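Enquirer: Got a structure for you, written out below as structure tokens; questions coming shortly.
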């Protein structure tokens with residue numbers, strides 16, 4: 001909801017190189033906003049444009065405290081990039 | 001810090017390297033402040 005989207009949040013942008021890339025939300029969220037400012041993981045701020053007609057706001061990145069939990073369903077914002085990130089962490093970081 | 005890693009390696013004499021690397025690998029931050037173990041720390045422990 002609009003309450004969820006705030007400043008300094010993390011959302012997953014669909015991208016060609018990586019299916020979903022984390023991104024900061026420096027600009028405060030505006031309900032019904034066409035474009036928002038997002039800080040890229042590369043460090044370069046990107047003014048990513050939202051689709052107000054059909055597109056939905058990117059999935060909120062779950063807090064890192066939830067990452068590493070055994071249960072996939074244990075993550076709050078449950079969605080495909082969250083699962084991908086968690087399983088990647090467990091395979092690589094957790095071996 | 002690896003300066004703490006060497007002390008840990010010195011003190012953890014009884015437990016073998018297998019349990020040490022496993023427990024470092026499976027550590028979990030219960031609270032927000034705590035952070036996951038770095039892979040570089042794992043490499044330092046393994047090589048030392």
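With ideal geometry, Cβ positions are generated from the backbone for all residues, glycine too; neighbour counts draw on all protein chains shown. We did not get these values from a lab; they are worked out from the coordinates using the rules stated.
Enquirer: Residue A:29 to residue A:87: extension gain in nm, 0.36 nm per residue of separation minus the Cα-Cα distance? Could the numbers behind the result be given before it?
Expert: Working: separation 58, 0.36 × 58 = 20.88 nm, distance 2.92 nm.
Taking residue A:29 through residue A:87 to full extension adds about 18.0 nm, to one decimal.
Enquirer: Relative contact order for chain B: what is it in percent, counting Cα pairs under 8 Å that are at least 6 residues apart? Mind showing how you got there, number by number?
Expert: Details: 24 pairs, mean separation 24.9, N = 48.
Reported relative contact order: 52 percent.
Enquirer: Same structure, new question: Under the rule a/c < 1.5 gives rounded, and otherwise a/b versus b/c splits prolate from oblate, where does chain B land using the Cα gyration tensor?
Expert: Here chain B falls in the prolate category.
Enquirer: Rounded to the nearest whole Å³, what is the per residue volume of the convex hull around the Cα atoms of segment A:1-94?
Expert: Residue-normalised Cα hull volume stands at 110 Å³.
Enquirer: Here is a further query. Just to confirm the number: angle between the C-alpha axis of helix B:2-11 and the first principal axis of chain B, 0 to 90 degrees, nearest 10?
Expert: 50
Enquirer: Given a Förster distance of 41 Å, report the FRET efficiency between residue B:13 and residue A:2 from their Cβ-Cβ distance, rounded to the nearest 0.05.
Expert: 0.15
Enquirer: Going by a ≥ b ≥ c, the root eigenvalues of the Cα gyration tensor, does segment A:28-71 fall in the rounded group (a/c under 1.5), the prolate group (a/b larger than b/c) or the oblate group?
Expert: oblate
Enquirer: From Cα pairs below 8 angstrom and at least 6 apart in sequence, can you work out the relative contact order of chain A, rounded to a whole percent?
Expert: Working: 131 pairs, mean separation 19.6, N = 95.
Here the relative contact order equals 21 percent.
Enquirer: While we're looking at this one, here's another question. Compute the distance in nm between two label points, each set 7 Å from the Cα along the Cα-to-Cβ direction, one at residue A:77 and one at residue A:50.
Expert: 1.2
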